[PDB]
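**Student:** What follows is the file data03.csv, containing CSV, C-alpha atoms and all ligand atoms:
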```
chain,number,residue,atom,x,y,z
T,533,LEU,CA,-26.8,-1.0,-10.2
T,534,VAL,CA,-25.7,-4.6,-10.7
T,535,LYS,CA,-23.6,-6.0,-7.9
T,536,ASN,CA,-20.7,-8.6,-7.8
T,537,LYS,CA,-19.8,-8.2,-11.5
T,538,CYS,CA,-17.1,-6.1,-13.2
T,539,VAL,CA,-18.8,-2.9,-14.3
T,540,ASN,CA,-17.8,0.5,-15.6
T,541,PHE,CA,-19.5,2.8,-13.0
T,542,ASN,CA,-20.1,6.5,-13.0
T,543,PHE,CA,-21.2,8.1,-9.7
T,544,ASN,CA,-21.5,11.9,-10.0
T,545,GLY,CA,-18.6,12.1,-12.5
T,546,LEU,CA,-16.5,9.8,-10.3
T,547,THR,CA,-15.8,7.1,-12.8
T,548,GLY,CA,-14.0,3.8,-12.7
T,549,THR,CA,-14.1,0.1,-13.4
T,550,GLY,CA,-14.5,-2.6,-10.7
T,551,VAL,CA,-16.7,-5.0,-8.8
T,552,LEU,CA,-19.4,-3.3,-6.6
T,553,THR,CA,-20.3,-5.3,-3.5
T,554,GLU,CA,-22.5,-4.6,-0.4
T,555,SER,CA,-20.3,-3.2,2.3
T,556,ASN,CA,-20.0,-3.1,6.1
T,557,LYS,CA,-18.1,0.3,6.2
T,558,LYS,CA,-20.1,2.1,8.9
T,559,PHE,CA,-19.3,5.7,7.9
T,560,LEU,CA,-21.3,8.5,9.2
T,561,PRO,CA,-23.5,10.9,7.2
T,562,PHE,CA,-22.3,13.7,4.9
T,563,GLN,CA,-19.4,11.4,4.2
T,564,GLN,CA,-19.6,10.0,0.7
T,565,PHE,CA,-16.3,8.4,-0.4
T,566,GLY,CA,-13.7,6.1,1.2
T,567,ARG,CA,-10.0,6.1,0.6
T,568,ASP,CA,-7.0,3.8,0.4
T,569,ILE,CA,-3.3,4.7,0.8
T,570,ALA,CA,-3.1,5.7,-2.9
T,571,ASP,CA,-6.1,8.0,-2.4
T,572,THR,CA,-8.3,6.2,-4.9
T,573,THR,CA,-11.9,5.4,-4.0
T,574,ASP,CA,-12.5,2.2,-2.0
T,575,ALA,CA,-16.1,2.6,-1.0
T,576,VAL,CA,-18.8,4.9,-2.3
T,577,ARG,CA,-22.4,6.0,-1.4
T,578,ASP,CA,-25.2,5.5,-3.8
T,579,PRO,CA,-26.7,8.9,-4.8
T,580,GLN,CA,-30.2,7.5,-5.1
H,922,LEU,CA,30.0,-31.9,33.3
H,923,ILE,CA,30.2,-31.0,29.6
H,924,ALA,CA,26.8,-32.4,29.0
H,925,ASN,CA,25.3,-30.3,31.8
H,926,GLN,CA,27.0,-27.1,30.6
H,927,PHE,CA,25.8,-27.7,27.1
H,928,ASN,CA,22.2,-28.3,28.2
H,929,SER,CA,22.2,-25.2,30.4
H,930,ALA,CA,23.6,-23.1,27.5
H,931,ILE,CA,20.8,-24.3,25.2
H,932,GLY,CA,18.2,-23.5,27.9
H,933,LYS,CA,19.7,-20.0,28.2
H,934,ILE,CA,19.4,-19.5,24.5
H,935,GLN,CA,15.8,-20.5,24.6
H,936,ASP,CA,15.1,-18.1,27.5
H,937,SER,CA,17.0,-15.2,25.8
H,938,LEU,CA,15.0,-15.6,22.5
H,939,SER,CA,11.7,-15.9,24.4
H,940,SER,CA,12.4,-12.7,26.4
H,941,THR,CA,14.3,-10.3,24.2
H,942,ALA,CA,12.5,-9.5,20.9
H,943,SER,CA,15.1,-7.2,19.4
H,944,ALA,CA,17.4,-10.2,18.7
H,945,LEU,CA,16.1,-10.5,15.1
H,946,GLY,CA,16.7,-6.9,14.1
H,947,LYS,CA,18.7,-8.1,11.1
H,948,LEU,CA,15.7,-9.8,9.5
H,949,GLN,CA,13.1,-7.3,10.7
H,950,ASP,CA,15.2,-4.5,9.1
H,951,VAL,CA,15.0,-6.2,5.7
H,952,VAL,CA,11.3,-6.6,6.0
H,953,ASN,CA,10.8,-3.0,7.0
H,954,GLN,CA,13.0,-1.7,4.2
H,955,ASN,CA,11.0,-3.6,1.5
H,956,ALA,CA,7.7,-2.6,3.0
H,957,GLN,CA,8.8,1.0,3.1
H,958,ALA,CA,10.0,1.0,-0.5
H,959,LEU,CA,6.6,-0.4,-1.7
H,960,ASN,CA,4.8,2.2,0.5
H,961,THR,CA,6.6,5.1,-1.2
H,962,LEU,CA,6.1,3.5,-4.6
H,963,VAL,CA,2.4,3.4,-4.1
H,964,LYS,CA,2.2,6.8,-2.5
H,965,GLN,CA,3.8,8.3,-5.6
H,966,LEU,CA,0.5,7.8,-7.5
H,967,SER,CA,-1.2,10.6,-5.6
H,968,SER,CA,1.1,13.3,-7.0
H,969,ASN,CA,0.2,15.7,-9.8
H,970,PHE,CA,3.8,16.0,-11.2
H,971,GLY,CA,2.4,19.3,-12.7
H,972,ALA,CA,-0.7,17.9,-14.3
H,973,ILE,CA,-4.2,19.2,-13.5
H,974,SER,CA,-5.1,16.1,-11.5
H,975,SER,CA,-3.3,13.1,-10.2
H,976,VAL,CA,-6.1,10.6,-11.2
H,977,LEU,CA,-6.1,9.7,-14.8
H,978,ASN,CA,-9.8,9.2,-15.4
H,979,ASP,CA,-10.6,12.8,-14.4
H,980,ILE,CA,-8.1,14.0,-17.1
H,981,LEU,CA,-9.6,11.5,-19.6
H,982,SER,CA,-13.2,12.5,-18.8
H,983,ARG,CA,-12.7,16.3,-18.6
H,984,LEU,CA,-10.4,17.3,-21.5
H,985,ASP,CA,-10.5,16.8,-25.2
H,986,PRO,CA,-8.2,14.3,-27.0
H,987,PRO,CA,-5.9,17.0,-28.6
H,988,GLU,CA,-5.3,18.5,-25.1
H,989,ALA,CA,-5.1,15.4,-22.8
H,990,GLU,CA,-1.6,14.5,-24.0
H,991,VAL,CA,0.1,17.3,-22.2
H,992,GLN,CA,-1.3,16.3,-18.8
H,993,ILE,CA,-0.9,12.6,-19.5
H,994,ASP,CA,2.7,13.1,-20.6
H,995,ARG,CA,3.5,14.9,-17.4
H,996,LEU,CA,2.0,12.0,-15.4
H,997,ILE,CA,3.8,9.4,-17.4
H,998,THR,CA,7.2,11.0,-17.0
H,999,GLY,CA,6.7,11.4,-13.3
H,1000,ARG,CA,5.5,7.9,-12.7
H,1001,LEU,CA,8.2,6.4,-15.0
H,1002,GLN,CA,11.0,8.1,-13.1
H,1003,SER,CA,9.4,6.9,-9.8
H,1004,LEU,CA,9.3,3.3,-11.0
H,1005,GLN,CA,13.0,3.5,-12.2
H,1006,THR,CA,14.1,4.8,-8.8
H,1007,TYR,CA,12.3,1.9,-7.1
H,1008,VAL,CA,13.8,-0.7,-9.4
H,1009,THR,CA,17.3,0.6,-9.1
H,1010,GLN,CA,17.2,0.7,-5.3
H,1011,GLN,CA,15.7,-2.8,-5.3
H,1012,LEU,CA,18.6,-4.0,-7.5
H,1013,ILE,CA,21.1,-2.7,-5.1
H,1014,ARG,CA,19.4,-4.1,-2.0
H,1015,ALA,CA,19.1,-7.5,-3.7
H,1016,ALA,CA,22.8,-7.4,-4.4
H,1017,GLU,CA,23.4,-6.9,-0.6
H,1018,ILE,CA,21.0,-9.8,0.2
T,1101,LIG,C1,34.9,-26.1,36.2
T,1101,LIG,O1,33.8,-25.2,36.3
T,1101,LIG,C2,32.6,-25.9,36.6
T,1101,LIG,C3,31.5,-24.9,36.6
T,1101,LIG,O2,31.7,-23.9,35.7
T,1101,LIG,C4,32.7,-26.7,37.9
T,1101,LIG,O3,31.5,-27.5,38.1
T,1101,LIG,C5,30.9,-27.3,39.3
T,1101,LIG,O4,31.6,-27.9,40.3
T,1101,LIG,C6,31.0,-27.9,41.6
T,1101,LIG,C7,31.0,-29.3,42.1
T,1101,LIG,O5,30.9,-30.2,41.1
T,1101,LIG,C8,29.6,-27.3,41.6
T,1101,LIG,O6,29.6,-25.9,41.7
T,1101,LIG,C9,29.0,-25.4,42.9
T,1101,LIG,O7,28.7,-26.5,43.8
T,1101,LIG,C10,28.1,-26.1,45.0
T,1101,LIG,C11,28.0,-27.3,45.9
T,1101,LIG,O8,27.8,-28.4,45.1
T,1101,LIG,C12,26.7,-29.1,45.6
T,1101,LIG,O9,25.5,-28.6,44.9
T,1101,LIG,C13,25.5,-28.8,43.5
T,1101,LIG,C14,24.2,-28.1,43.0
T,1101,LIG,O10,23.1,-28.8,43.6
T,1101,LIG,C15,25.5,-30.3,43.2
T,1101,LIG,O11,25.6,-30.4,41.7
T,1101,LIG,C16,26.8,-30.9,43.8
T,1101,LIG,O12,26.9,-32.3,43.4
T,1101,LIG,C17,26.8,-30.6,45.3
T,1101,LIG,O13,25.8,-31.4,45.8
T,1101,LIG,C18,26.7,-25.5,44.7
T,1101,LIG,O14,26.1,-25.1,45.9
T,1101,LIG,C19,26.8,-24.3,43.8
T,1101,LIG,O15,25.5,-23.9,43.4
T,1101,LIG,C20,27.7,-24.7,42.5
T,1101,LIG,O16,26.8,-25.5,41.7
T,1101,LIG,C21,28.7,-27.7,40.4
T,1101,LIG,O17,28.0,-28.9,40.8
T,1101,LIG,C22,29.5,-28.0,39.2
T,1101,LIG,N1,28.8,-27.5,38.0
T,1101,LIG,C23,28.3,-28.3,37.1
T,1101,LIG,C24,27.6,-27.6,35.9
T,1101,LIG,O18,28.3,-29.5,37.2
T,1101,LIG,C25,33.9,-27.6,38.0
T,1101,LIG,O19,34.1,-28.1,39.3
T,1101,LIG,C26,35.2,-26.8,37.6
T,1101,LIG,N2,36.3,-27.6,37.5
T,1101,LIG,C27,37.3,-27.6,38.4
T,1101,LIG,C28,38.4,-28.6,38.2
T,1101,LIG,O20,37.2,-26.9,39.4
T,1102,LIG,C1,-35.1,9.8,-7.2
T,1102,LIG,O1,-34.2,9.9,-6.1
T,1102,LIG,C2,-35.0,9.8,-4.8
T,1102,LIG,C3,-34.0,10.0,-3.7
T,1102,LIG,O2,-34.6,10.4,-2.5
T,1102,LIG,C4,-35.8,8.6,-4.7
T,1102,LIG,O3,-36.7,8.7,-3.6
T,1102,LIG,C5,-36.5,7.7,-2.5
T,1102,LIG,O4,-35.1,7.6,-2.3
T,1102,LIG,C6,-34.9,6.7,-1.1
T,1102,LIG,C7,-33.4,6.8,-0.8
T,1102,LIG,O5,-32.8,7.8,-1.5
T,1102,LIG,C8,-35.3,5.3,-1.6
T,1102,LIG,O6,-36.2,4.7,-0.5
T,1102,LIG,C9,-36.0,5.3,-2.9
T,1102,LIG,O7,-35.1,5.4,-4.0
T,1102,LIG,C10,-37.1,6.4,-3.0
T,1102,LIG,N1,-38.3,6.1,-2.2
T,1102,LIG,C11,-39.2,5.2,-2.6
T,1102,LIG,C12,-40.3,5.0,-1.6
T,1102,LIG,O8,-39.2,4.7,-3.6
T,1102,LIG,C13,-36.7,8.4,-6.0
T,1102,LIG,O9,-37.3,7.1,-5.9
T,1102,LIG,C14,-35.9,8.5,-7.2
T,1102,LIG,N2,-36.7,8.4,-8.4
T,1102,LIG,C15,-37.2,7.3,-8.9
T,1102,LIG,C16,-38.0,7.4,-10.1
T,1102,LIG,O10,-36.9,6.2,-8.3
```
Can the structure in the file be given as structure tokens, please?
Ligand SMILES: *[C@@H]1O[C@H](CO)[C@@H](O[C@@H]2O[C@H](CO)[C@@H](O[C@@H]3O[C@H](CO[C@H]4O[C@H](CO)[C@@H](O)[C@H](O)[C@@H]4O)[C@@H](O)[C@H](O)[C@@H]3O)[C@H](O)[C@H]2NC(C)=O)[C@H](O)[C@H]1NC(C)=O
Ligand SMILES: *[C@@H]1O[C@H](CO)[C@@H](O[C@@H]2O[C@H](CO)[C@@H](O)[C@H](O)[C@H]2NC(C)=O)[C@H](O)[C@H]1NC(C)=O
**Tutor:**
Amino acid sequence: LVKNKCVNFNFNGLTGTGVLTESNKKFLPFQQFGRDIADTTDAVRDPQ
Amino acid sequence: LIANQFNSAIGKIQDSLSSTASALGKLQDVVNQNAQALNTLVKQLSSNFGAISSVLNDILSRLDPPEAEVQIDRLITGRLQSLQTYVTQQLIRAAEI
């Protein structure tokens, strides 16, 4: 994974385009995604 | 005497605005209405409108080109009527303002 550049990313079929940055969202285990109001992923967990 | 009454009146205006917050309901209502309209406009994106899924990349990634158009047409009609509703209500509210 390359960070801080626009990329087309595909995490477990969840696809999209955007800038991936290191995050301070302290979400507890067995949680994978985040969500905004429009219910589109805002943060994600690296599978590997 | 008139100068003293005027000064006291100004002081009372200052105290009234400092204490009572509800004085600016007329402006706060406009701000709330615009924020509410945009909130509903955004929330409309999470609706299927009949399609298999409300996110467009899942439809594009799952189904073949000859079949995607039914689901995409459903989403496009739904989102288009949502955007027209927003625009019309904004036009009316702007006329009032
Ligand atoms: C029209 O209405 C005005 C008020 O709406 C009247 O002005 C008031 O008139 C009197 C005397 O000028 C005062 O009202 C009361 O006065 C007593 C005693 O006065 C003493 O204490 C005050 C306050 O320290 C002082 O300013 C005076 O010089 C005296 O030493 C006070 O105990 C009361 O609290 C109350 O103030 C006011 O001084 C005065 N008001 C203002 C804003 O100047 C005016 O008299 C009315 N016109 C007529 C023709 O009656
Ligand atoms: C395959 O995935 C596994 C996932 O466990 C990798 O094993 C470790 O994973 C942890 C966190 O998931 C990381 O420390 C490293 O990715 C792995 N550990 C070490 C010491 O490298 C495993 O590495 C992956 N396969 C390859 C070839 O990297």
**Student:** Extract, using only C-alpha atoms, all DNA, RNA and protein residues at most 10 Å from residue 577 (chain T), discarding same-chain residues fewer than 2 positions from it, and format them as a tab-separated table (two decimals) with C-alpha atoms, in the coordinates of the input.
**Tutor:**
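The resulting file, result.tsv, is reproduced below:
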```tsv
chain	number	residue	atom	x	y	z
T	543	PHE	CA	-21.20	8.10	-9.70
T	559	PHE	CA	-19.30	5.70	7.90
T	561	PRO	CA	-23.50	10.90	7.20
T	562	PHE	CA	-22.30	13.70	4.90
T	563	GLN	CA	-19.40	11.40	4.20
T	564	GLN	CA	-19.60	10.00	0.70
T	565	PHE	CA	-16.30	8.40	-0.40
T	566	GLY	CA	-13.70	6.10	1.20
T	575	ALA	CA	-16.10	2.60	-1.00
T	579	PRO	CA	-26.70	8.90	-4.80
T	580	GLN	CA	-30.20	7.50	-5.10
```
**Student:** Return as a PyMOL selection string the residues belonging to chain T that are within 10 Å of chain H, counting only C-alpha atoms.
**Tutor:** chain T and resi 545-548+569-572
**Student:** Step by step, measure atom-to-atom distances between ligand LIG 1101 (chain T) and each residue using only C-alpha atoms and all ligand atoms, keep those at most 6 Å, then write them as an MDAnalysis selection string.
**Tutor:** chainID H and resid 922 925:926
**Student:** Would you pick out the contacts of residue 551 (chain T) at 8 Å or less, using all atoms listed in the file, so that residues sharing its chain but fewer than 2 positions from it are not included, and give the list as a VMD selection string?
**Tutor:** chain T and resid 535 to 539 549 553
**Student:** How many Å separate atom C5 of ligand LIG 1102 (chain T) from CA of residue 578 (chain T)?
**Tutor:** 11.6 Å
**Student:** Pick from H:955, H:970, H:980, H:1010: nearest to residue 997 (chain H), with all atoms listed in the file counted?
**Tutor:** H:970
**Student:** What does the distance from CA of residue 1005 (chain H) to CA of residue 958 (chain H) come to in Å, to one decimal?
**Tutor:**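 Between these atoms lies a distance of 12.3 Å.
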**Student:** What gap, in Å, lies between CA of residue 552 (chain T) and CA of residue 534 (chain T)?
**Tutor:**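 Straight-line distance from CA of residue 552 (chain T) to CA of residue 534 (chain T) works out to 7.6 Å.
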**Student:** So, with all atoms listed in the file as the atoms that count, which of H:984, H:942, H:959, H:948 lies closest to residue 1011 (chain H)?
**Tutor:** H:959
